[PDB]
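Worksheet: one structure, shown below.
Counting begins at 1 with the first residue of the sequence. The figures that follow rest on heavy atoms only: side chains count, while hydrogens, waters and symmetry mates do not. Indexing begins at 1, ligand by ligand and atom by atom, following the structure's order.
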Amino acid sequence: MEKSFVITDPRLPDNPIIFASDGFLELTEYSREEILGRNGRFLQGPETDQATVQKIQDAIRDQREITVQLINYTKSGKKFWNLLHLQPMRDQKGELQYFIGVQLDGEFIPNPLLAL
Ligand SMILES: Cc1cc2nc3c(=O)[nH]c(=O)nc-3n(C[C@H](O)[C@H](O)[C@H](O)CO)c2cc1C
Ligand SMILES: [Cl-]
Ligand SMILES: [Co+2]
């Protein structure tokens, strides 16, 4: 699939998605029009590890890059492992301008090891 990413605007409330790639639409099965403005946690669901969610929240607060692997759900309810790479983007004035999150679909780290 084409590269899956979203870009959010941290200068607006709770990191709304302002751009979603064609690859993100294809991975997640959502249309662009129905994604724009939402927070990326819409992909989460029952099996998502809340301890991983909290690591993400802390990295965003700290404006630090992080990679986590977590369960996400397509629009039709199919589970997938998402290796999510979140990166703050600063402008030439040193000010936070975006976050970008790149999603790779796969159980890269086996769940029994992820859990240790
Ligand atoms: C740019 C960006 C992309 C994100 N992409 C995802 C994602 O693909 N899946 C997910 O479960 N959370 C994602 N999140 C995390 C989610 O939006 C939220 O920050 C955490 O769930 C903590 O509330 C993303 C966050 C940002 C800022
Ligand atoms: Cl957050
Ligand atoms: Co591909």
*Straight-line distance of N82 CG to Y73 OH, nearest 0.5 Å*: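 Between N82 CG and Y73 OH, I get 12.5 Å after rounding to 0.5 Å.
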*If you measure from CD1 on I17 to CG on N15, what distance do you get to the nearest 0.5 Å?*
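So the gap between those two atoms works out to 9.0 Å.
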*Is a side-chain donor or acceptor of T74 paired with a backbone partner of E29 at a separation under 3.5 angstrom?*
no
*N/O donor-acceptor pair under 3.5 Å between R32 side chain and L25 backbone*: no
Please state which protein non-hydrogen atom is closest to [atom] and give its distance, to 0.1 Å?
| atom | result |
| --- | --- |
| atom 18 (C) of ligand 1 | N39 OD1, 3.7 Å |
| atom 13 (C) of ligand 1 | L84 CD2, 3.7 Å |
| atom 10 (C) of ligand 1 | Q44 NE2, 3.5 Å |
| atom 8 (O) of ligand 1 | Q103 NE2, 3.0 Å |
| atom 27 (C) of ligand 1 | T8 OG1, 3.5 Å |
| atom 20 (C) of ligand 1 | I56 CG2, 3.9 Å |

*Classify the angle between the aromatic ring planes of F5 and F19 as parallel (below 30°), tilted (30 to 60°) or perpendicular (above 60°).*
parallel
*State whether the shortest distance between N or O atoms of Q57 and N or O atoms of ligand 1 falls below 3.5 angstrom.*
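There is no such contact.
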*Decide whether an N or O pair under 3.5 Å exists between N82 and ligand 1.*
yes
For [X], counting its heavy atoms only, list the atoms of ligand 1 lying under 4.0 Å from any of them.
| X | value |
| --- | --- |
| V53 | 21 (O), 22 (C) |
| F99 | 1 (C), 27 (C) |
| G101 | 1 (C), 3 (C) |
| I60 | 19 (O), 27 (C) |
| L70 | 11 (O) |
| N72 | 7 (C), 8 (O), 9 (N), 10 (C), 11 (O) |

_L86 contact mode with ligand 1 (heavy-atom cut-off under 4.0 Å)_ =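 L86 to ligand 1: side-chain contact only, backbone stays beyond 4.0 Å.
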*Please name the residue in the list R11, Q87, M89 that meets the side-chain contact (heavy atoms from CB on, under 4.5 Å) test with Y98.*
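The passing option is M89.
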*Charged N to carboxylate O below 4.0 Å: is that the case for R61 and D58?*
yes
_Assess whether a salt bridge exists between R41 and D14, defined as any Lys/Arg side-chain N lying under 4.0 Å from an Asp/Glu carboxylate O._
yes
*Indicate if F24 and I100 have the same hydrophobic cluster label, given that clusters are the connected sets of ILVMFWY residues with side-chain heavy-atom separations under 4.5 angstrom.*
no
*Above 12 or not: heavy atoms from other molecules or residues under 6.0 Å from CZ of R64?*
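Check fails, neighbour count at 12 or below.
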